[PDB]
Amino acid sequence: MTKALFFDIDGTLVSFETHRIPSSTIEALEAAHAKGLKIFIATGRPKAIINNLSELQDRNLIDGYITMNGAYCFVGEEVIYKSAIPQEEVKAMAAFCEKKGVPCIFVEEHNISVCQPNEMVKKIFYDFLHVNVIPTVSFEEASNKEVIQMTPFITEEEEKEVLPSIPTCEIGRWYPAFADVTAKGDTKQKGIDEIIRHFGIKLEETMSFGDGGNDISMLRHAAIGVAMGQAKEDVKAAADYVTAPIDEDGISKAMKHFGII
């Protein structure tokens, strides 16, 4: 039976349309917590921009975090796994973005920066997603940092253009205007493995929830993968179960369906 739940944040816990967590989601997680489920976040966001979970956090319902697509995982104050991108690939991404005139976020363990922020950053990260303004640094300075995750604001076509110069990184998307780049093997699936290693939970006792392409590996890897009703067809196909849309009680309905609650 299920012992560990892994939730994406954006489009899974937090609605893109309302920018809030459905009330029935909070009730479902309260009920699961009392039944002894372990409840984990599995997000592309770095901790520095997880500003949308206070309802769950103030209720003390989260048992651990997979952040930066698995590249930075922690339980309480304890880091259980982290990674960093090969410096050649950091430098190549910075050069590509600067040449193409697109912005890129560079995330370190304890700092976050953006290079040449433009309309794509404003529109998406701040005015929509409600992320706090990220400090600006030069591409030169960024290219020399120990970087855990980079978030270039590149199209799929530009992604294929720069791919030969990031030959070992993972690349995922949770939103169409940008991608998250992490080191070899660092996807949310890795995050699941690290969390369950810490807790003595078996993979066969896991359930994951997601809406986006960067959730596909954890939807396939968890024993039971649940796709949100509004997800694209490839995300739904990676899941075992497709629930209702997020704002039609999708999380709660899925949890009830499986008898989690």
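Numbers follow the displayed sequence, beginning with 1.
- Comparing 100-108 with 154-162, the higher mean C-alpha B-factor in the PDB entry belongs to 154-162.
- Comparing 12-20 with 238-246, the stretch with the higher mean C-alpha B-factor in the PDB entry is 12-20.
- In the PDB entry, a CA B factor belonging to the lowest third of its chain's modelled residues is recorded for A254.
- Among the modelled residues of its chain, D215 has a C-alpha B-factor that falls in the lowest third, as given in the PDB entry.
- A95 sits in the highest third of its chain by CA B factor, as recorded in the PDB entry.
- Among all modelled residues in this chain, the alpha-carbon of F139 has a temperature factor (C-alpha) in the middle third.
- Ranked against the other modelled residues of its chain, the C-alpha B-factor of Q87 as given in the entry falls in the middle third.
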